[PDB]
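Only one structure is covered here, and it is reproduced in the block below.
Please treat every number below as a calculation from the coordinates, not as lab data. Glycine gets a Cβ as well: all are built from the backbone with ideal geometry, and neighbour counts include every protein chain shown.
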Amino acid sequence: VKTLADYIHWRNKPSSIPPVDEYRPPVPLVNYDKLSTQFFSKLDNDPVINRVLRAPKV
Amino acid sequence: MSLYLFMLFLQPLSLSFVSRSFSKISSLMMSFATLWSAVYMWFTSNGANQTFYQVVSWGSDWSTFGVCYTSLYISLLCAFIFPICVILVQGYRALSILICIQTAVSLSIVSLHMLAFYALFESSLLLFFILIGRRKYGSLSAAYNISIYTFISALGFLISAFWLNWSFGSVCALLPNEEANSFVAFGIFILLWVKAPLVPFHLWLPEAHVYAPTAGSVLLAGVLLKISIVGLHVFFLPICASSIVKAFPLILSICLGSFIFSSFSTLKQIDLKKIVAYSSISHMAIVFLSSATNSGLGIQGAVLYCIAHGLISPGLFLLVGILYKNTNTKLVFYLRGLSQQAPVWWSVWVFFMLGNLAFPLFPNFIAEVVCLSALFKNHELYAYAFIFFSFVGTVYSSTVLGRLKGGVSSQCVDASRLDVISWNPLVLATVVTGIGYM
Amino acid sequence: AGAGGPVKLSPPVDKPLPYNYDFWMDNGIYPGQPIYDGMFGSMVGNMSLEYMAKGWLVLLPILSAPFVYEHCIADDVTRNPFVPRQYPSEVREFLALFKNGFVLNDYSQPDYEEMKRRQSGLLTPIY
Amino acid sequence: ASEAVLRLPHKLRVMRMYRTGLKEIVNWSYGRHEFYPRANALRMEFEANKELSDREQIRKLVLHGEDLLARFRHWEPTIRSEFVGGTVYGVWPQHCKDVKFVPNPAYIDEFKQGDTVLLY
Amino acid sequence: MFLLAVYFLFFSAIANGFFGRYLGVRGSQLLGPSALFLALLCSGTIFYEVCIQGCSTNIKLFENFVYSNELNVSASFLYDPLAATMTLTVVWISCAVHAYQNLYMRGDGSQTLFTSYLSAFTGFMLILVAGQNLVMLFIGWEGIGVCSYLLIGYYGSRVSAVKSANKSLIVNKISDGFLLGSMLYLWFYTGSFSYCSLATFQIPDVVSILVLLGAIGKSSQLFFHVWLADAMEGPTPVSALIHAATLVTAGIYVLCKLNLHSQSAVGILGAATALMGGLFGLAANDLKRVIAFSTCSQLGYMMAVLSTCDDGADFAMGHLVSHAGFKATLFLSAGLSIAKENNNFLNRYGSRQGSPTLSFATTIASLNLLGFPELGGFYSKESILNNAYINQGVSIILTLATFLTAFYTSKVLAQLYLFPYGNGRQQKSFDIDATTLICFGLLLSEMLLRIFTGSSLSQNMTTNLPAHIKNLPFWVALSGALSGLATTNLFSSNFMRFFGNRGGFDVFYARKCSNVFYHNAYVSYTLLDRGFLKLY
Amino acid sequence: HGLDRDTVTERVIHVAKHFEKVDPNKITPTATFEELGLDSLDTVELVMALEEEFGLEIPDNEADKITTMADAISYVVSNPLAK
Amino acid sequence: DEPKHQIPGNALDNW
Amino acid sequence: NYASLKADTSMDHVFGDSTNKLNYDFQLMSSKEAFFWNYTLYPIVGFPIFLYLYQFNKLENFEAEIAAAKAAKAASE
Ligand SMILES: CCCCCCCCCCCCCCCCCC(=O)OC[C@H](COP(=O)([O-])OCC(O)COP(=O)([O-])OC[C@@H](COC(=O)CCCCCCCCCCCCCCCCC)OC(=O)CCCCCCCCCCCCCCCCC)OC(=O)CCCCCCCCCCCCCCCCC
Ligand SMILES: CCCCCCCCCCCCCCCCCC(=O)O[C@@H](COC(=O)CCCCCCCCCCCCCCC)COP(=O)(O)OCC[N+](C)(C)C
Ligand SMILES: CCCCCCCCCCCCCCCCCC(=O)O[C@@H](COC(=O)CCCCCCCCCCCCCCC)COP(=O)(O)OCC[N+](C)(C)C
Ligand SMILES: CCCCCCCCCCCCCCCCCCCC(=O)O[C@H](COC(=O)CCCCCCCCCCCCCC)COP(=O)(O)OCCN
Ligand SMILES: CCCCCCCCCCCCCCCCCCCC(=O)O[C@H](COC(=O)CCCCCCCCCCCCCC)COP(=O)(O)OCCN
Ligand SMILES: CCCCCCCCCCCCCCCCCCCC(=O)O[C@H](COC(=O)CCCCCCCCCCCCCC)COP(=O)(O)OCCN
Ligand SMILES: CCCCCCCCCCCC(=O)SCCNC(=O)CCNC(=O)[C@H](O)C(C)(C)COP(=O)(O)O
């Protein structure tokens, strides 16, 4: 059965598709940026850190 | 009153007989004469006449004109703000359209007959379609929006006026009539719902303001939005109070929702004119709610806040127009370094933006205090809701100011002598109202 | 030299802009910043929200331990080794009126129950 | 480690790790006196594994040192004031010339200044 | 005579900021300090007349400032003992800051506008303090808020400064909104805005919460302290005024003027803010940041003392007035150190030949902060700590905050002077004029006078405490100072990092609150007005 | 201030002398670090010492490209903030 | 050149 | 006409290159997360509303209990 529903221009698909390539603003570079998600970690008491920071006589 | 009405009828008349080269000078002199006549009307208005200061009739119920507290303030505001619009507009066609719009609006405020009110306010329908849809700088979409919204709301108001004229036999405000009908109340209300932008019927306003000339935007925000409060105080609350009390939870929901959604929408705006337009929509909600409470504190507060908006919004729209003339841009992203490049424009912009945020030395503060007091008189939660959400206005205004304030700019874009002359009356009026001469 | 220092200018946009580019604040100087720092991009100290929450979870109990004892575990009689300051009857009656007063905790007084109910007053105005 | 660091060759990666570790030593120190022993300790830490040739062990060392340098990033980097990230960077930026100033703005076609309504 | 001070400050503001083209840089270097000196003479007269001789005066400028139906308020000034004391302190600090700005801001393009903003800022503070009704206080509250927005963001080409100003403005908007709600509650159920008729023995909890929420904004307490640390972007004279007197003190002043606070809340919030601020200041490496966290801690002490006893209001105001002098001195000295060294980091400071006056003023201000016995800071802080013993929870936290305060203060003093030179071998110099010496003379004079004249009437009244309990604050301060000199490690790297990130309040706001705010705005606009309801 | 080549050269030479391995006579205004005897780790330390000497901050990409005495002097001379 | 609305579909298919 | 799209590399040596770009995708919060945070934050914002509702409920319940007891006492007696 033909109905208005068939010929109404329903908004089911985007008329305009945004350009894929997008501008990313320049930012100062942080060499090491991995986020720390663990409050208690073995890294804090690492042997390297103890020798480099905790141990040297000051 | 008679002098004011005569000057109003003379201003459109004068254009027909001018030289076509003296048009701007004659129009400015006529605008100042209309302002002086409004001052005379204020002088001849005795406070002893508590109900209506002056009523004049010229042979029929339609030609019944009169001034009350709301009418007096709005008429003085229109006469004060029209000279600025006149100087900002160039060309006989533009002058003719503007002068006809002003005459129709100023006659509507003082009208005391619903049918005459409709006849005068809606006469300026094609003129706005033509003005907002001008050849190069106008948008047909905005013109269609404003025109259709106005026609539908005013037609509903007209149907309600026809029923009141049939049932009571008269539609003049001076004759005391009361109605409990909800269809008639809704008919009168829908006009107020659309004219004073209230969500979801506010879409027409921003489009019209953005694509209108600076004179048009100044007139629209300054006084066209206020015409709703005259209709409420003069043509709705006297007859349809019962329906406003019956629907108060719904009225409050729609007004608060308008205030919230408009504030949130203002945050996504990148055009200065759209920012000012959405600020106006947010500000209209408090006025509408305060008047709907049907209390002394609310009616006075709503009128006062309306005057404060009618003094602060034209200033922002004028500064935005001046900036656009200097730079041909309204995008906040392109405009930077305005503090260093335009110290004089920037000072006035910051002052007006502070006024828009309802700071104490501005009329907005006193007006807001009174309106909030009226809401608190109704319920404490009503006041709290409005007070809390006011921070959203701060966020958008602060972000805009910060983006405009600093950066790198290679263009000196500052106001000329003409631009300072145009805002000086608005600055002085803002200061005077701020110090308490409301 | 406070004035006249060299600055780097942000490069002009050269690619299609993202829809939500309004989240970036750029005045024309090279280091642009988000509207709110930490909303996106590099996080200060490389600490995520999860790390901060775990810290607050470790800290909160230690900070709350002093307050919970006196407020909840302790009682008016046992909180302090003395009674509240003693006043003449005329002064005491007026002072007892204040909800935020310090004379309402006098257990020795024969009006203790009324004073205690006064202290735990109404949440909101009844009218 | 960020993508830019990862793309770098082995030699440049280790040079970067040493540089960053020295900067982080500076940031976490309370005075210049602390820096010297800590910097010597960092030098010895890198020198100890410099002669390793096993690629797998080298990768493990690099990855671990990168995780350590990521966790121990300071909230407040010690940056000179005049450089990006500094207090006096941008305070009063030097104005470039070639500024476009319009002289006598209100006197250019003074009578006809305003907006016009053009019609068809 | 009482009006004169406000007149002098507003005149100096209008002159420097509207007629600076005529006056010149030198003209502002004259009119500013001259006006502030005249205002100091007036404030001294006011202090003697009101505080010492118990003569409160009311000056009504005009009536019917707001006259809508029943609601009626007038512009009136009541100089009560609290107003006189605060007026004096504010004007003394502002006069010193104006003298300081003559040399500090010479290298700044708008010295006329800076001086204008400083004088308008001082005028609005005096309006807030001296107002007789709640509306006048609101006028002052907003005026200081706007002046802070215009002063923190003075460097417009720095995105950090503009963001810091936006942050201040938004936080202060939320606080003044809660205040407006509380003022509406108080007007509705008491009939007036004047503090005389405002008195209510029993107030519903809602009004108390609204008052507290309003106060915690200006007096940066927990959850509302984000703006204070950021406010370091502004020039050093601004930081001295805001932190020492104009902004942080307003919240305490409001709480003390109208005693609607609840004991349970103020004590916990204060003690928490004291501890958190001290912990945040431990991690901080910027000189100006550490002094800001110290301000937060001291504010926590003042808020906490209100809960302890009836005299808590007097003790709080006494601490507030004692704190303004030393804290102002700390900021002005920090600014001079930064200017002389071109450095903001504690690591690069060290022993270097300088002016005796500045080094002494820094030492004495630090000692007052630390709690050194027989000093103005000591008496005002012991009055709080000794009287807080009754509240076991508040006392323990406040003692821990005293320890942390001593540790960071001693560490800062060691780093700035005792430590060897840490900056580079480059030519740096800032020569100090006689105006700066006058400014430090004024601050030292305030510090000395405070010892002789005292801060509260009940300052030396006996607190019936065992000797061991009365003298414990001293032992805790000494222990912290000794631990700070040794520059020992107190916390693990996980906690040091946590404290450096200030508890992650701002990371929470950015990730969750800001994202929710902009999603609500996206739904409100993109999805609805410009999506569903927009024609093709 | 645009610092002259002669001053920059003398100070870079002064800084380079501090390495124990380097012979005080091999360091010349135009000498590679390899000939001087510096390793990769040594080059990082030298660049950092240059950072202390002229009170500047060298971006890491440029610092990587510094490997000879000549290019360092050129870079410092080019920089307008070098002190 | 000015920004213009994207037309869905190919030219010849629409025609 | 339009501004130049060519950048200035004069200060690239002094202040670093512009090669490094932002990692943000420029997209907003997920719908599921937003629903939770809106329905969590908004109640916190409306703290007075809940206080008023609580007190009003307590008052009405007390009044109803009083009336019930009054009725009971007025029936037998
Ligand atoms: C006794 C002693 C003597 C003392 C004097 C006292 C005498 C009293 C009155 C005598 C004054 C003369 C009357 C003027 C007649 C001609 C006016 C005219 O043509 O207008 C444009 C004309 C400008 O001519 P133009 O620039 O040379 O070019 C026009 C070309 O012909 C064509 O140009 P175009 O093709 O490019 O068209 C462009 C068009 C853009 O296109 C449009 O916008 C079309 C829009 C349609 C109409 C607009 C709808 C809204 C109008 C609202 C009414 C305005 C007043 C608002 C007050 C509310 C009233 C309820 O823009 C315009 O034309 C102007 C825009 C605004 C003007 C519209 C107002 C005119 C309404 C009707 C005019 C009367 C004609 C009657 C014809 C008589 C025989 C043929 O005149 C004007 O200066 C502006 C209009 C002045 C309006 C006053 C006229 C009264 C109308 C109000 C109605 C109230 C009832 C009447 C009672 C009046 C008192 C008793
Ligand atoms: C580009 C600008 C360059 C030029 C700058 C201009 C400088 C302007 C100077 C600022 C003016 C400050 C004065 C504020 C008081 C306003 C004066 C006033 O309104 O006159 C009053 C008289 O009152 C006075 O004169 C006040 C004394 C003014 C000076 C006294 C001390 C000056 C210190 C300033 C502090 C004022 C705080 C007031 C805050 C509201 C009118 O008396 P009434 O008959 O009662 O009027 C009715 C009241 N109502 C307005 C509400 C309708
Ligand atoms: C209450 C009784 C007396 C009232 C006196 C109030 C004190 C003086 C008020 C003077 C007029 C009030 C508002 C002036 C216009 C607002 C603009 C402004 O204040 O500053 C302008 C420019 O300032 C002016 O030219 C006029 C200022 C003259 C005096 C201003 C004193 C401080 C303003 C008081 C705040 C108004 C209170 C409103 C709310 C209570 C913009 O400055 P910036 O955005 O910071 O940029 C400047 C460039 N730079 C980056 C280098 C900083
Ligand atoms: C017993 C009856 C039972 C119910 C039956 C209802 C059946 C239909 C009722 C609808 C009546 C509403 C009339 C408005 C129709 C919408 C506007 C037409 C859409 C449109 O395309 O207009 C274009 C611009 O309009 C615009 O830009 C306007 C935008 C939308 C206007 C918003 C409508 C006003 C507010 C709506 C309600 C407000 C309160 C309601 C009480 C101009 O198109 P074109 O000139 O290029 O022509 C070329 C042909 N396509
Ligand atoms: C769903 C939320 C409602 C949206 C409105 C929100 C706020 C609007 C309030 C406006 C204030 C005054 C308007 C008076 C009533 C309008 C709407 C009130 C709510 C309503 O619809 O009540 C209905 C009665 O109203 C009526 O019978 C008339 C309804 C309006 C008619 C619609 C179009 C009329 C246009 C006529 C043009 C002029 C005609 C003049 C002859 C049914 O409520 P109920 O009492 O039956 O309760 C039975 C439920 N269990
Ligand atoms: C002394 C008085 C108290 C002062 C402050 C006390 C604050 C205590 C509240 C934190 C303690 C309970 C935290 C909830 C348990 C969560 C445990 C792990 C957290 C987690 O896994 O997800 C996080 C949720 O954020 C969150 O955890 C946010 C929940 C916080 C509730 C709101 C309370 C206000 C917090 C203000 C300061 C707290 C800062 C740190 C929370 C990060 O989520 P994600 O971004 O990684 O998700 C990915 C984006 N798709
Ligand atoms: C604040 C806390 C401080 C943070 C400390 C964290 C730092 C982690 C320390 C541990 C990291 C390592 O060991 S990373 C060391 C990884 N080991 C290797 O790469 C072995 C192969 N060696 C080579 O390729 C070259 O010798 C080379 C080394 C490149 C030099 O080149 P030159 O021959 O030309 O000098």
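Within the stretch B:354-377, none of the residues are without any contact (Cβ under 8 Å) to a residue 60 or more places away in the chain, more than 15 Å from ligand 3 (Cβ to nearest atom) and surrounded by fewer than 19 Cβ atoms within 10 Å (Cβ to Cβ). Taking the stretch B:321-422 as the region of interest, the helices (runs of 4 or more DSSP H) fully inside it that hold 1 or more residues being facing another protein chain (nearest Cβ under 9 Å) and either within 16 Å of ligand 1 (Cβ to nearest atom) or within 28 Å of D:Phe101 (Cα to Cα) (or both) are B:338-341, B:343-356, B:391-405.
Each residue in the stretch B:385-438 was checked for being among the small types (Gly, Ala, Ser) and either closer than 27 Å to B:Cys255 by Cα or within 16 Å of ligand 7 (Cβ to nearest atom) (or both), and 6 of them qualify.
Taken over the stretch H:43-57, the criterion of being exposed (fewer than 12 other Cβ atoms within 10 Å of the Cβ) and either facing another protein chain (nearest Cβ under 10 Å) or of a type in the set (A, V, I, L, M, F, W, C) (or both) is satisfied by H:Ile44 alone. Output the residues belonging to the stretch B:261-305 that are within 10 Å of chain E (Cβ to nearest Cβ) and either charged (D, E, K, R) or not in a helix (DSSP H, G or I) (or both). Residues satisfying the conditions are B:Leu267, B:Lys268, B:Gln269, B:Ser295.
Output the residue which, of all residues in the stretch B:126-151 that are away from ligand 4 (no atom under 14 Å from the Cβ) and surrounded by fewer than 20 Cβ atoms within 10 Å (Cβ to Cβ), is farthest from the other protein chains (Cβ to nearest Cβ). Among them, the one singled out is B:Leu126.
Going through the stretch F:26-65 one residue at a time, which ones are of a type in the set (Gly, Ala, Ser), under 16 Å from D:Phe83 (Cβ atoms) and under 11 Å from the mean Cα position of the chain (by Cα)?
Taking the stretch F:26-65 as the starting set, the residues that turn out to be of a type in the set (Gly, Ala, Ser) are F:31, F:37, F:40, F:49, F:55, F:63.
Among the residues that remain, those that are also under 16 Å from D:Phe83 (Cβ atoms) are: F:55, F:63.
Within the stretch F:26-65, F:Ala63 is the sole residue that qualifies.
Scanning the stretch A:19-32 for residues that are surrounded by 10 or more Cβ atoms within 10 Å (Cβ to Cβ) and either away from chain H (no Cβ under 11 Å) or β-branched (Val, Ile, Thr) (or both) returns A:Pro19, A:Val27, A:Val30, A:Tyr32.
Of the numbered criteria (1) part of a helix (DSSP H, G or I); (2) touching a helix residue (DSSP H, G or I) at 6+ places or on another chain (Cβ under 6 Å), the one A:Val58 fails is (1).
So which residues in the stretch C:67-92 are in a loop (DSSP other than H, G, I, E, B) and over 30 Å from the mean Cα position of the chain (by Cα), if there are any at all? Passing the criteria: C:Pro81, C:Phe82, C:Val83, C:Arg85, C:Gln86, C:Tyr87, C:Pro88. Considering E:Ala334, E:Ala365, E:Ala328, E:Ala361, the condition of being in a helix (DSSP H, G or I) and within 14 Å of another protein chain (Cβ to nearest Cβ) is satisfied by E:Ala334 alone.
Evaluating E:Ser148 against the criteria (1) farther than 17 Å from E:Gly217 by Cβ; (2) more than 10 Å from chain B (Cβ to nearest Cβ); (3) of a type in the set (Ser, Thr, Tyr) leaves one unmet condition, (1). Could you tell me how many of the residues in the stretch E:162-194 are farther than 19 Å from B:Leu375 by Cα and either among the hydroxyl-bearing types (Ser, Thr, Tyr) or more than 8 Å from every other protein chain (Cβ to nearest Cβ) (or both)? The number of residues fulfilling the criteria is 7. Comparison of E:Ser110, E:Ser116, E:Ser157, E:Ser94 shows that the only residue that is touching a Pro at 6+ places or on another chain (Cβ under 6 Å) and either within 9 Å of chain B (Cβ to nearest Cβ) or under 29 Å from E:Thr435 (Cα atoms) (or both) is E:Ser157. Taken as a whole, the stretch B:28-47 holds at least one residue that is away from ligand 3 (no atom under 16 Å from the Cβ), within 14 Å of chain D (Cβ to nearest Cβ) and surrounded by fewer than 18 Cβ atoms within 10 Å (Cβ to Cβ). With a requirement of 3 or more residues that are more than 13 Å from chain H (Cβ to nearest Cβ) and among the charged types (D, E, K, R), the helices (runs of 4 or more DSSP H) lying completely within the stretch F:28-73 that satisfy it span F:40-54. crowded, with 23+ Cβ neighbours inside 10 Å, under 18 Å from B:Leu224 (Cβ atoms), touching a residue at least 12 places away in the same chain (Cβ under 8 Å) and away from ligand 2 (no atom under 16 Å from the Cβ): is that true of B:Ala79 in this structure? Considered against the rule, which asks whether it is crowded, with 23+ Cβ neighbours inside 10 Å, under 18 Å from B:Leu224 (Cβ atoms), touching a residue at least 12 places away in the same chain (Cβ under 8 Å) and away from ligand 2 (no atom under 16 Å from the Cβ), B:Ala79 comes out as yes. Scanning the stretch B:112-130 for residues that are in a loop (DSSP other than H, G, I, E, B), under 17 Å from the mean Cα position of the chain (by Cα) and under 24 Å from B:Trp166 (Cβ atoms) yields a single hit, B:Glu122. Only a single criterion out of (1) closer than 21 Å to E:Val146 by Cβ; (2) aromatic (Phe, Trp, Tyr); (3) within 10 Å of another protein chain (Cβ to nearest Cβ) is not satisfied by E:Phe201, namely (1).
Among the helices (runs of 4 or more DSSP H) lying completely within the stretch D:1-93, list those that include at least 3 residues that are within 9 Å of ligand 7 (Cβ to nearest atom). I'd like the intermediate steps shown before the answer.
Values: elements: D:3-7, D:10-28, D:32-48, D:55-71.
Because the criterion is at least 3 residues that are within 9 Å of ligand 7 (Cβ to nearest atom), the helices (runs of 4 or more DSSP H) in the stretch D:1-93 that meet it are D:10-28, D:32-48, D:55-71.
Give the residues of the stretch E:203-250 that are polar (S, T, N, Q) and farther than 14 Å from E:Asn172 by Cβ, sorted by residue number.
Those that are polar (S, T, N, Q) and farther than 14 Å from E:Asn172 by Cβ: E:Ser208, E:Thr236, E:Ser239, E:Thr249.
Does C:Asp106 qualify as being under 28 Å from B:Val395 (Cα atoms) and either charged (D, E, K, R) or part of a helix (DSSP H, G or I) (or both)? No.
Find the residue count for the stretch C:8-25, including only residues that are at the interface with chain B (Cβ under 8 Å from one of its Cβ atoms) and closer than 18 Å to H:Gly16 by Cβ.
Filtering the stretch C:8-25 for residues at the interface with chain B (Cβ under 8 Å from one of its Cβ atoms) gives C:9, C:22, C:25.
Subset that is closer than 18 Å to H:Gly16 by Cβ: C:9.
Selection size over the stretch C:8-25: 1.
The residue of the stretch B:174-222 that is surrounded by the fewest Cβ atoms within 10 Å (Cβ to Cβ), among those that are among the charged types (D, E, K, R) and in a helix (DSSP H, G or I), is B:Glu207.
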